Amino acid sequence: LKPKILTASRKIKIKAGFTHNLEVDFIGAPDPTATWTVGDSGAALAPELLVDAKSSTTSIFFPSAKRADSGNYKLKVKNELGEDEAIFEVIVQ
């Protein structure tokens with residue numbers, strides 16, 4: 001079952017020293033693989049916030065978001081031969 005990621009994916013206006021709740025969804029299986037990256041063509045995100053993910057979906061946290069968090073949260077999921085991806089430009093104010 002290829003991953004059908006429908007998460008709108010666009011941007012994320014978070015504030016500094018704030019908490020965000022990133023959400024996403026994708027029908028991938030069996031047991032697909034979703035990676036939460038941060039643009040940069042190789043950069044990733046997680047240790048600068050919280051992150052969660054499910055086989056047919058995924059969502060990550062930003063309870064510790066700050067000006068630095070200002071990055072391009074790019075997530076890419078897959079599943080054997082099915083592949084999907086959602087771009088999330090996250091900024092902080």
# chains A, B, ... in the order shown; residues from 1 in each chain; ligands from 1
>>> residues_around(residues="region 49-60 of chain A", least_positions_apart="6", cutoff="7 Å", atoms="only C-alpha atoms", output="list in words")
residues 21, 22, 23, 24, 25, 26, 27, 28, 29, 31 and 32 of chain A
>>> select_by_dssp(residues="chain A", states="strand (DSSP E)", output="number ranges by chain")
A: 4-5, 11-14, 21-27, 33-36, 50-54, 57-61, 71-79, 82-92
>>> closest_residue(among="A:33, A:19, A:93, A:41", to="residue 72 (chain A)", atoms="only C-alpha atoms")
A:41
>>> residues_around(residues="residue 71 (chain A)", least_positions_apart="4", cutoff="12 Å", atoms="only C-alpha atoms", output="list in words")
residues 11, 12, 13, 14, 37, 38, 39, 40, 41, 43, 44, 45, 46, 48, 65, 66, 67, 87, 88, 89, 90, 91 and 92 of chain A
>>> write_last_selection(atoms="C-alpha atoms", output="tab-separated table (two decimals), in the first residue's frame")
chain	number	residue	atom	x	y	z
A	11	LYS	CA	4.21	26.69	6.36
A	12	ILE	CA	3.98	27.02	10.15
A	13	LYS	CA	3.83	30.43	11.86
A	14	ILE	CA	5.14	29.57	15.35
A	37	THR	CA	13.60	16.55	8.04
A	38	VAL	CA	14.25	20.28	8.08
A	39	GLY	CA	14.92	21.30	4.45
A	40	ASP	CA	18.58	22.11	3.74
A	41	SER	CA	18.56	19.08	1.41
A	43	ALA	CA	19.03	18.72	7.41
A	44	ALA	CA	16.55	17.21	9.88
A	45	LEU	CA	14.45	18.31	12.88
A	46	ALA	CA	13.53	16.68	16.21
A	48	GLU	CA	15.01	21.07	18.75
A	65	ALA	CA	10.02	26.42	19.41
A	66	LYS	CA	12.17	29.56	19.23
A	67	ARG	CA	13.58	31.98	16.63
A	87	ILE	CA	6.90	20.36	2.67
A	88	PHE	CA	6.46	22.37	5.88
A	89	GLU	CA	8.18	25.78	5.99
A	90	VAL	CA	8.26	26.54	9.72
A	91	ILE	CA	9.13	30.07	10.86
A	92	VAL	CA	9.25	31.68	14.31
>>> atom_distance(atom1="CA of residue 16 (chain A)", atom2="CA of residue 62 (chain A)")
10.3 Å
>>> closest_residue(among="A:36, A:70, A:17, A:30", to="residue 3 (chain A)", atoms="only C-alpha atoms")
A:30
>>> atom_distance(atom1="CA of residue 80 (chain A)", atom2="CA of residue 9 (chain A)")
22.7 Å
>>> atom_distance(atom1="CA of residue 20 (chain A)", atom2="CA of residue 69 (chain A)")
10.8 Å
